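In: Model the structure of this input:
(chains A and B)
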Amino acid sequence: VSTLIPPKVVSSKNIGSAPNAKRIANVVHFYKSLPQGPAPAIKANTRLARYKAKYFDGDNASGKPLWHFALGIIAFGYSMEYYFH
Amino acid sequence: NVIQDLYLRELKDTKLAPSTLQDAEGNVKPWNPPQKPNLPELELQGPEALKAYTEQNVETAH
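Out: Numbers count the residues shown, from 1 in each chain, chains lettered A, B, ... in the order given. See the structure here:
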C-alpha cells in the first residue's frame, strides 16, 4: 500500500518548536535595530546640558558636580546672612 | 529344451489379462482448471484518501 503523506506536510513545525516564537520576536527586533543608538544625552548646549557633559556623563561618578552644587547653596544663604544682618 | 517348453507355454497360452484406462483414472489425480484470473481491484482511488491523510496525521518531520 502507498506511503502516507506526513513527511511533506509542514506548517505545524512553523509553530511546532519554541524558537519560532523567538524568531518572530527578533525578526522584528533585529531589523528595527539601529547601528548605534539614537543619542545617549550628554550635552545639547542649553548651557546646563554642558554641566551634564562635564559632570553627569555616563562614566562620571566624580564628586565634582556635588561639590559645585553644594558650594552654590553656601553662596546663596551666605549672601542672605548679609540680607538679614 | 525345458527353456523351449517354458518359452512356448508362456508366450502362447496366456497373455495380458483385462485392464481398462477408465479404472486407471480413479488411481491418478485428474486435470482440473486453474479457476479465477484473480483480478486485483484498485484501492485508494481519488483524493478522498489524500484529504484524509493530510488531515489525519499532522505529525511533523523532526
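In: Just give me the neighbour total for residue 3.
Out: Defaulting to chain A. 7 (other C-beta atoms under 10 Å in any protein chain shown). (Each C-beta comes from the backbone N, C-alpha and C, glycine too.)
In: sorry, should have said chain B
Out: For residue B:3, the neighbour count with other C-beta under 10 Å is 7.
In: With residue B:12 as the reference, measure out to it.
Out: Noted for residue B:3: a distance of 15 Å to residue B:12, by C-beta to C-beta, to the nearest Å.
In: Nearest residue to the residue in chain A positioned nearest to chain B in space, please, no chain neighbours.
Out: Going by C-beta to the nearest C-beta, chain B is nearest to residue A:13 of chain A, at 4.0 Å. Leaving aside its sequence neighbours, residue A:13 sits nearest to residue B:60 (C-beta to C-beta, 6 or more residues apart in numbering or on different chains; 4.0 Å).
In: Next: residue A:50.
Out: residue A:43 (5.9 Å).
In: Mind listing residues that contact the helix ranked longest in chain A?
Out: In chain A, taking DSSP state H as the definition, the longest helix is helix A:64-81. Residues outside helix A:64-81 that contact it (C-beta atoms under 8 Å, 6 or more residues apart in numbering or on different chains) are A:51, A:55-56.
In: Alpha carbons only: can I get it in PDB?
Out: Extracted C-alpha coordinates of helix A:64-81, given in PDB (Å, rounded to 0.1, in the frame of the first residue of the first chain):
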ATOM      1  CA  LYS A  64      32.700  67.500  41.400                       C
ATOM      2  CA  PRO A  65      29.100  68.500  40.500                       C
ATOM      3  CA  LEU A  66      28.100  67.600  44.100                       C
ATOM      4  CA  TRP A  67      30.900  69.900  45.400                       C
ATOM      5  CA  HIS A  68      30.000  72.600  43.000                       C
ATOM      6  CA  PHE A  69      26.300  72.300  43.700                       C
ATOM      7  CA  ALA A  70      26.900  72.300  47.400                       C
ATOM      8  CA  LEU A  71      29.100  75.400  47.100                       C
ATOM      9  CA  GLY A  72      26.200  77.000  45.300                       C
ATOM     10  CA  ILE A  73      23.900  76.700  48.300                       C
ATOM     11  CA  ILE A  74      26.700  78.000  50.500                       C
ATOM     12  CA  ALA A  75      26.900  81.100  48.200                       C
ATOM     13  CA  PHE A  76      23.200  81.500  48.400                       C
ATOM     14  CA  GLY A  77      22.500  81.600  52.100                       C
ATOM     15  CA  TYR A  78      25.800  83.400  53.000                       C
ATOM     16  CA  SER A  79      24.500  86.400  50.900                       C
ATOM     17  CA  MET A  80      21.200  86.000  52.700                       C
ATOM     18  CA  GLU A  81      23.000  86.400  56.000                       C
END
